[PDB]
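A.B. asks: Quick one: the structure is below, and I'll ask about it shortly.
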Ligand SMILES: [Mg+2]
Ligand SMILES: [Zn+2]
Ligand SMILES: [Zn+2]
Ligand SMILES: [Zn+2]
Ligand SMILES: [Zn+2]
């Protein structure tokens, strides 16, 4: 849930990349292989963060406190 | 903390957030300073207030941290924004009445203690792009030269 | 004859025992000299009555706590002289109503009267003697929500009715003529404040209160409409 | 514990963390492999016994 | 529909969330139409219609037609806090 | 008295002892314990 | 230094399991005894031997 | 890493790889026997209470519960519950002097620790007040852990 | 069978075993916690007295 | 064997009662008393016996 910051191997900061990622996918229709590149994730240690990530914090927010 | 995220879950993410270390040289270690707990000599104090306003989902950003502690005019502790849009690390989300207010105490350390101090992302190390030294024999099926990719750095050494 | 064992520290002897017990080590130690004190610490009529009583409370769906308070009560009465009768129907209903009271739950004399035919007045005498025995062995408000249930009324209606009952009791004037009439009238007011129809005959039937009674209560209650208004 | 080999003396080396550590040559007689397996340890309380273990 | 009898006797609908929290049983009541007759011999007198009788409670499987959730929608479920 | 919270309407109650257990303004009998005010400390490690 | 052998290397999907060493390890010396046989109790939570 | 063990990156662990929460839920309830003896949630006073556990009670709020957010550890007492005692019934040890109430409080597990996530109080079917408590803890991958 | 020919006993520790190459064949690593729990009742004499005194 | 074994002794003219240590009570919640099945059997054998006595 919610965008692992940094990265489980290389340690590059992957957190901020998330928003711009969804931006690219929704707005520009670009496929992931292009998106991650334009974001500047060169190694695939990073790439698996964004790509494989499953964001559940959304489905958590919909409950009333 | 009213958030859906568990508290220490948050304090974890905060632990990972890079900070501006340029002048860190002159910030002493915790165990070195003789005060009790922390001070402006051994530490930098950051705090964060997030109160969800809009009906739409509000986002807590790394930029929302604020430095309350006197810095003695030395360059430290500013949460770093490498994004082009100028937001940075996404700490937590909030809906409406969910509020988050907390205080962070930033201290000096090195990676061996905890990886959240590691300054360097992956470091590419290579030598002898051609195999001339024979430190490595190549697994192959028919020929090793065809199969094994030509490394880019090969260009800067002789065939 | 004696047989009671006490633990005392022969080296301390200063006080009686003041010790701690260590369950994990399963040993018990004087907190002072730290000496181990101990080791290897190890880790016919009635049944018939309670049977039929059990059936009754069961059909009544009363929670086990109430059932068991009544059981306890009945055991105390049991075979005693002063009871001197009542054929086992009166006692079962009496003890039940007691356990209801003691359980802070409320049930009307009429309700229990619907589970058992006690003839009424005979019931009152038996209940009073039993009450006296309990003292020797030494509150309408609860009814208000229960009634709403029967009508399936909103929460606000119920709490309104509660405020109404407290306010009505303080203002006195007829002292209530039994609580039941006040609880039902209090409701009837509160509901008529709101748009939700029960009309009248439906509540008089459903809750078994004489329609004339509800209207009669309504006129006097209407007179004091001034001070009964929560907001 | 179906071998007399399956119960053997050992010489304790105190080390941190949680699992019992032991060399892998000894994994075969115990019929042991290191995934979720567990091993009961037994300390003798008497000097006599302590000797027997070392000597037998 | 699924209901609960509280100790005091107030009775109200039961949504499964609360049902879990309160150590309850999720069930609906059952009613039966009892017609009683008397003969005297095939001569027929008797009391009828007017009864609808409560035999007992029946546990109710979630998402089945009987439970309240089976008709719920997404955000509907969110109000009741049962993850779709 | 000690502060509690309702299950649904999330209203602050602070009901006292011998009030039994119920919410005021709605019938929910589920009361949350209204998190501690004093500060709690973590290590980001 | 390069490894004379090359390593088969890549991502793969892994699951952590319920079993966790902390829930398992226990060590008993002089605990409580069962009331019946006055022999050490059974189980970790009960601190048995 | 021989024989079905494996080597894991410590940095990776430190950065959140395979970290999981664990919620334990303790539940307790006050009851009545003959309506003569009622169990009660209360913060027990060491002075007049007997058979009392040796875990520290300092965390309890007056009602007998631990307000959430409080960091707790093993042997701490989450729920202060007490029962009445007949003086003549036992008179065991100091019970005659203590006069009053036998201590029954559900402790946290001996070996656990963590932070109390949530505490809720509710009357059950038959009206008894009772409480549940939810203690979350981060369990970080460790040497003994399995995969 | 249960309570005589074999029985549940004290002075015992159970945990996961995992392998280590750097241990001599006969040893075993025992984690500090377990060590700090189990104990061996040694006897005082002129030889050990100083060492024991330190332990105490 | 004339000393230790007689058919007369095989038949029961009288019966031993084990002490509670054989058949201890246990407490549930520690506020509720739990009785052992052997104790219940002794209660039965007794009651049955008393009955047979009276009827006889
Ligand atoms: Mg195995
Ligand atoms: Zn990476
Ligand atoms: Zn300092
Ligand atoms: Zn002493
Ligand atoms: Zn409410």
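FYI, it's all coordinate maths here, none of it is from the lab. Virtual Cβ from ideal backbone geometry, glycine too; neighbours counted across all protein chains shown.
A.B. asks: Against the longest principal axis of chain J, how steep is helix J:37-55, in degrees 0 to 90 to the nearest 10, with axes from Cα atoms?
C.D. replies: For helix J:37-55, the angle is close to 50 degrees.
A.B. asks: How do E:73, C:126, C:108 line up, fewest other C-beta atoms within 10 Å first?
C.D. replies: E:73, C:108, C:126
A.B. asks: While we're on this one: Just the number: Rg to Rh for the range F:3-45, Cα atoms, Kirkwood Rh, two decimals.
C.D. replies: With Rg and the Kirkwood Rh in hand, the quotient comes to 1.16.
A.B. asks: If eta is 1.567 mPa s and T is 4 °C, what Stokes-Einstein diffusion coefficient results for the range H:32-88, Kirkwood Rh from Cα pairs, in µm²/s?
C.D. replies: 103
A.B. asks: Counting helices only, and only those DSSP H runs with n ≥ 4, report the 222 nm mean residue ellipticity of chain B as the sum of -39,500 (n - 2.57) divided by its residues, in deg cm²/dmol to the nearest 500.
C.D. replies: For chain B, the value works out to -2000 deg cm²/dmol.
A.B. asks: Okay, moving on. Can you give the angle from 0 to 90° between the axis of helix A:17-28 and the longest principal axis of chain A, with both taken from C-alpha atoms, to the nearest 10?
C.D. replies: Between helix and principal axis, roughly 80 degrees.
A.B. asks: Consider just the alpha-carbon atoms of the range B:95-159 and return their Rg together with their Dmax, both in angstrom.
C.D. replies: That works out to 23.6, 67 Å for Rg and Dmax.
A.B. asks: What is chain D by shape, rounded, prolate or oblate, if you read a ≥ b ≥ c off the alpha carbon gyration tensor as root eigenvalues and call it rounded for a/c under 1.5, prolate for a/b larger than b/c, and oblate otherwise?
C.D. replies: Because a/c hits 1.5 or more and a/b fails to exceed b/c, chain D counts as oblate.
A.B. asks: Something else about it: Could you work out how far helix B:7-16 tilts from the main Cα principal axis of chain B, as a 0 to 90 degree angle to the nearest 10?
C.D. replies: 50
A.B. asks: Please compute the volume of the convex hull spanned by the alpha-carbon atoms of chain A and report it per residue in Å³.
C.D. replies: About 89 Å³ per residue, rounded to a whole number.
A.B. asks: Please compute the Kirkwood hydrodynamic radius of the range C:188-231 from all pairs of different C-alpha atoms, in Å with one decimal.
C.D. replies: Evaluated over the range C:188-231, this radius sits at 11.2 Å.
A.B. asks: Here's another thing I want to ask about it. Which whole-number percent gives the relative contact order of the range C:160-231, counting Cα pairs below 8 Å spaced six or more residues apart?
C.D. replies: Here the relative contact order equals 40 percent.
A.B. asks: Tell me the relative contact order for chain H as a rounded percent, counting alpha carbon contacts under 8 Å between residues six or more apart.
C.D. replies: In percent, rounded to a whole number, it is 30.
A.B. asks: Measuring from centroid to centroid over Cα atoms, what is the spacing of the range A:1-59 and the range H:4-60 in Å?
C.D. replies: 39
A.B. asks: Can you pull the three principal axis extents for the Cα set of the range E:1-71, in Å, largest first?
C.D. replies: The principal-axis extents, from largest down, are 57, 30, 16 Å.
A.B. asks: Hey, could you get me the Stokes-Einstein D for chain C, Kirkwood radius over alpha-carbon pairs, 20 °C and 1.002 mPa s, rounded to whole µm² s⁻¹?
C.D. replies: In µm²/s, the coefficient rounds to 96.
A.B. asks: List, largest first, the extents of the alpha carbons of the range I:1-46 along their principal axes, each in whole Å.
C.D. replies: 40, 38, 21
A.B. asks: OK, next. Restricting to Cα atoms and excluding each atom paired with itself, what does the Kirkwood estimate give for the protein assembly as shown in Å?
C.D. replies: Roughly 36.0 Å, rounded to one decimal.
A.B. asks: Under a crude label model (7 Å from the Cα following the beta-carbon direction), how far is residue A:63 from residue H:45 in nanometres?
C.D. replies: Going from the residue A:63 label point to the residue H:45 one covers 4.0 nm.
A.B. asks: What order do you get for C:163, B:156, C:222 when you list them from fewest to most C-beta neighbours inside 10 Å?
C.D. replies: If I rank by nearby Cβ atoms, fewest first, I get B:156, C:222, C:163.
A.B. asks: Here is a follow-up. Show that you can apply the helix-only estimate: for chain C, add -39,500 (n - 2.57) for every DSSP H stretch of four or more residues, divide by all residues, and state [θ] at 222 nm to the nearest 500.
C.D. replies: -17000 deg cm²/dmol
A.B. asks: Calculate the radius of gyration of the Cα atoms of chain H to one decimal place, then report Dmax, the largest Cα-Cα distance, as a whole number, both in Å.
C.D. replies: 20.4, 66
A.B. asks: Distance between Cα centroids, the range B:94-158 to the range C:142-210: provide it in whole Å.
C.D. replies: Using only Cα atoms, the two centres lie 77 Å from each other.
A.B. asks: What is the average number of partner chain Cβ atoms found within 10 Å of a Cβ in D:39-50?
C.D. replies: 5
A.B. asks: Moving on to the next point. Gap in Å between the Cα centre of the range B:19-50 and the Cα centre of the range D:19-56?
C.D. replies: Answer, in whole Å: 49.
A.B. asks: Now for a different question. Can you put B:117, B:139 in order, fewest other beta carbons within 10 Å first?
C.D. replies: B:139, B:117
A.B. asks: Report the Cα-based extents of the range C:19-142 along its three principal axes, largest first, to the nearest Å.
C.D. replies: The Cα atoms of the range C:19-142 stretch 72, 34, 29 Å along their principal axes.
A.B. asks: Per the helix-only calculation at 222 nm, which mean residue ellipticity applies to chain A, given -39500 (n - 2.57) for every DSSP H run of n ≥ 4 and division by its residues, nearest 500 deg cm²/dmol?
C.D. replies: -14500 deg cm²/dmol
A.B. asks: What per residue convex hull volume, in Å³, do the alpha-carbon atoms of the range J:1-41 yield?
C.D. replies: 88
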